[PDB]
Structure formats: C-alpha cells, structure tokens
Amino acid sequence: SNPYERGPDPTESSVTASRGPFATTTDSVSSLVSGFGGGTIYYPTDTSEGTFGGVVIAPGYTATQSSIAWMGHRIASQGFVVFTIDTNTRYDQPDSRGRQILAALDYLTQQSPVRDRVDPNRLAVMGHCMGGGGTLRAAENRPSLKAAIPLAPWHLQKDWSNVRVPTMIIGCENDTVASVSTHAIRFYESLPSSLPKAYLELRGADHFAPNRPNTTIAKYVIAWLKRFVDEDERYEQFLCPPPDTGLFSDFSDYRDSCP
C-alpha cells in the first residue's frame, strides 16, 4: 500500500489537463518575510485525502513570480502545495536563489498558514533560468528532497555529480540565453549514473518557453513530481517507456534511466 497516492488513476487526458481533480485557492506571503522576497502559495481545499507534497518554484534573472505563476494552479490541482517565490532582488545569481529556495521551503513547512496541509518529509524544488541553477544547488545541499526539476537552467558550475535527488532537466532546443550544450546537457551528463533522471529537450523552443503554458512541460513535470514526491508508480507509465524524439514530436531529444 502507498498512503501518499492522491486522486484517480491517471490518463493521457488527466496529465495534460490545465486543471486536475482538486480545487485550489491561494495565500500571499509578503516580501518582509525573511530569507526571500515573498510569493504565492497554491494549495488544494480538500483535506479529506491527507496532506500533500510541497514544491517551491523560483524565477530567473530579471524576472518575478509572474513568469512562473501558470504552474501554480496547474500543478497544485493535481494534488500538491506549490509555492511560487520572488527573490530578494531580480539580479540574484543562482547559488543565492538556492539559499532562498531552501528558505521558502522552511517557511512553507514551519510557519506558513498552510503548514498543517504539507507533508514536511515530501518536498521538491523547481526553477527557471538562474532559478533552475538554484534548483540544482538546493538539491545538492538538501538531499532529503524528493525531486528537482530545473527548467532551461543557467549555472556556471557544470559538474553536478554530487546531486542525489531525482532530477528532470528540461532544456529548450534553440535557447541562446542558456544554451543546452553549455548548460542543460552538461548538467544532466554529470549526474551520477545510479540516479533516477531525465533530460527533455523541447523542439524549436526559445529560452522563455517555460514562462508560458505548455502542455508537454506540464505532463512530465506532473509525472515526475507524482512519481518521486508522492512515490506514485501509477505515473511511471508516462516516463517509461520514453516518448519519441522525431521531427513529428514536441521533443528534439529525450534521455532517461529506464527501467
């Protein structure tokens, strides 16, 4: 038995939906909170199935939470507590984002209005651009985390062989800000070979593809969160077998660790 399973058995239809089975609302967190620059918490209103996994998502350089908010209701409604932060300033570098992600996690589980709805043992980190570099760092530093999902990441450190948290890196094929050959793929290729991982490269997408609703991104994000945060093997169908990487797919490349 698995007590962390939430919601009905998933179909192609459910993973690609813009709103999953759970109704959601939001709490605001002011910038005067310490360790970061505030943000919005998206969470399910139904308590009857149990507590949910927690997820912090962080933006990129020069950007705010507006650039990631689409992920809030989208992911929370599949059965998660999702925290979209702002960083102290818009110009904080990756490792600083990393500190701040870690701080928003602690705030979510220890002090927020919705702490009583979050399982403090089941957490994940995601981010975009430098926020994704920060995501890598957070996972390097807090190996108790269940999942890490860097979107179009940027970081000067290329070697992430010390990461031990299941990691799905999502690259954008035509990224000229954080080109996949000097960022995303270098990171993926350095991950230990024993570690559950995946690299998704979106065909013909630019660097900002993560900042607007994207059905492909949402499906594999929801699946990776589900599989490792909730331990839920009902979502392994969407991860293995891997999908196709022809010119007739949304993916220009896909690497994995299957079975």
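In case it trips you up, residue 1 is the first one in the sequence shown, and so on.
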Quiz item: Per the entry, where is the mean C-alpha temperature factor higher: 41-49 or 188-196?
Solution: 41-49
Quiz item: Do the CA atoms of 156-164 or those of 109-117 have the higher mean B-factor in the entry?
Solution: 109-117
Exercise. Among all modelled residues of this chain, ranked by Cα B factor, put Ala103 in the bottom, middle or top third, i.e. lowest, middle or highest.
Key: middle
Quiz item: Lowest, middle or highest third: where is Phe22 by C-alpha B factor in its chain?
Solution: middle
Quiz item: Considering only modelled residues of the same chain, in which third does the CA B-factor of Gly54 rank: lowest, middle or highest?
Solution: middle
Self-check item: Third assignment of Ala205 from its chain's C-alpha B-factors
Solution: highest
Exercise. Would you mind ranking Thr62 by its C-alpha B-factor against the rest of the chain and naming the third, lowest, middle or highest?
Key: middle
